[PDB]
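Derivation of every value follows stated rules applied to the coordinates shown; laboratory data play no part. Quick reminder, even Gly has a Cβ in these numbers, built from the backbone with ideal geometry, and neighbours come from all protein chains shown.
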Amino acid sequence: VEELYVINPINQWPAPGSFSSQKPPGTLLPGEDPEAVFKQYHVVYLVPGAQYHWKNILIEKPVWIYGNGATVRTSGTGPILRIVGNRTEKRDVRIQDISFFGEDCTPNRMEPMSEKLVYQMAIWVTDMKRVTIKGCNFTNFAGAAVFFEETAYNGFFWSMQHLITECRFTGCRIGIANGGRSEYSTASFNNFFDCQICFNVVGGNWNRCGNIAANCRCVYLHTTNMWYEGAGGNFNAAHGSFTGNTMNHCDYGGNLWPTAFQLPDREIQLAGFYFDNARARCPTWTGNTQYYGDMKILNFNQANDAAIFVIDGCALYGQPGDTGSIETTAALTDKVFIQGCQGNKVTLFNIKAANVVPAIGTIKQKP
Amino acid sequence: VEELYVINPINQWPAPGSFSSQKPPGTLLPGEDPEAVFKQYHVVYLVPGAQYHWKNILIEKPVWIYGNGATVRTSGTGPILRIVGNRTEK
Amino acid sequence: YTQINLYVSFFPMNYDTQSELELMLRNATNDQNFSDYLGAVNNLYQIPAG
């Protein structure tokens, strides 16, 4: 404990080469450039309970990031954590246990959406397959939270099996966004809060099986010419599932976002379920709870008796005035059915009495 | 950084027993027989981003396998990772 | 380095004063002796960190 070994003096030699490399086995310290570490390893651990600062981290090879309770902040116009792939990757990406924050605090919910805010996301996957976002916390994003782009693929290779589970989204303007042709992936049990749009749906055939959206203005947006389409845009759209979710307090109660949204072409009035696309069909709709959540069924593909929108096993429950009301176009009265439902006394705009079983709600007409 | 401690010569003794055991705390290296490691530990970590090759790994006691992005390949007619239990395992 | 020269300076002593001075300094009892001002032996012993 005192080290009394004797020593001889140095003999004025040139000293031999002493090196102290391999100090991280696979980890990533704070204040270290992540682009040179993600290139070298396959699994990158992070320091437990650290405090990072990332901006435009380009990832080309699929790596796994165990966050261990890390905190990644950012500042600037770039996204965090840009994931660009090729078609030929056998490995997968798993981003796990990280709390992504934004360049905000109690975000500017009165500022309109524009081209300036479109690059304020935290994960932007270009064409990487089999990504996984598991147990994360995304706060205060002026643009999207994630955005899954996909370029033009061929040969019925629908694979791209993504998972977005167990996440917490607070204050993000747009939650899970997805580009066109981003088909057949799941996004469930993500607890939304204080978001303007929970799902900016462009790609179809998704599966949403447990998400909770409290105090959010919109949950399911699908129009023509939204934001966040990417290369290979609005094609083969809105075919997903939407089962057992929760969208309480979208119009009355504790909602804070405004109703206008300012799309790149026009402005529209948001609802808890806004849908307007003549070329796309409607998702399945089971087990969803709505307290004071509006629905706007404007246009789908009913052209040659090709689609019928059916609400099954859901709650409606909007009493005061027109809060939580369901709005349909008068040319779509024969195709919107509600079979199996519970409601307080909710305003139904342009829905026939024989098309709804059991007989609930107030039936009005909105010319 | 150069270690100029002096040294005396060895005295032609039989050397005392030097051992270098306990090199894995609980891990499992590639190219190591997993049946002798799953018997000893309860939680078995794996090397992150490794490349394994398993075949007919018999497991009797309940263990946990944290893979950490490992890759287990196989070749042959046997299953991977045979899990045989009893009724009495807590 | 481009060019490097050496500059000494000869004191212009008289030649009869010179031949008396060199004849005394060729003698073995008049050897010029010097001494290091520092006068020590360097020994640098390694101390590890901590």
Per principal axis, descending, Cα span of the protein assembly as shown in whole Å: 140, 75, 46
For the pair A:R266/B:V43, report the inter-label distance in nm, with labels modelled 7 Å from Cα in the Cβ direction. 5.7 nm
Okay, which of segment A:2-41 sit inside 19 Å, backbone N to the point 7 Å along the Cα-Cβ direction of A:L58? A:32-41
Under the rule rounded for a/c under 1.5, else prolate if a/b exceeds b/c, else oblate, using alpha carbon gyration tensor axes a ≥ b ≥ c, segment A:5-59 is classed as prolate
Given pairs A:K55/A:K90; A:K90/B:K55; A:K116/A:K366; A:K134/A:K366; A:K134/B:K61; A:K55/A:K134 and cut-off 32 Å on Cα-Cα distance, the over-length ones are A:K116/A:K366; A:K134/A:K366
Pop a pseudo-label 7 angstrom from the Cα along the beta-carbon direction at both C:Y45 and A:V310 and give the gap in nm to one decimal. 9.3 nm
For a test of the definition: using alpha carbon positions, the gyration tensor, and the 1.5 limit on a/c, classify segment C:1-44 as rounded, prolate or oblate. oblate
Between B:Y5 and B:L81, what's the calculated FRET efficiency when r is the beta-carbon distance and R0 is 60 Å? Round to 0.05. 0.75
Apply the a/c threshold of 1.5 to the C-alpha gyration tensor of segment A:169-244 and tell me whether it is rounded, prolate or oblate. oblate
Take peptide A:335-345, look around each residue's Cβ out to 10 angstrom, count Cβ atoms belonging to other protein chains, and average those counts. 0
Given the convex hull of the Cα atoms of segment A:118-276, what is a quarter of its surface area in nm²? 8.1 nm²
Gain upon complete extension [A:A36, A:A152; 0.36 nm per residue less C-alpha separation]: 38.8 nm
Between A:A353 and A:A330, take the C-beta separation as r, use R0 = 22 Å, and let me know the FRET efficiency to the nearest 0.05. 0.90
Given B:14-21, A:199-206, A:188-195, the highest-first ranking by average Cβ count within 10 Å works out to A:199-206, A:188-195, B:14-21
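What is the average number of partner chain Cβ atoms found within 10 Å of a Cβ in A:7-14?
The shielding value for this peptide is 4.
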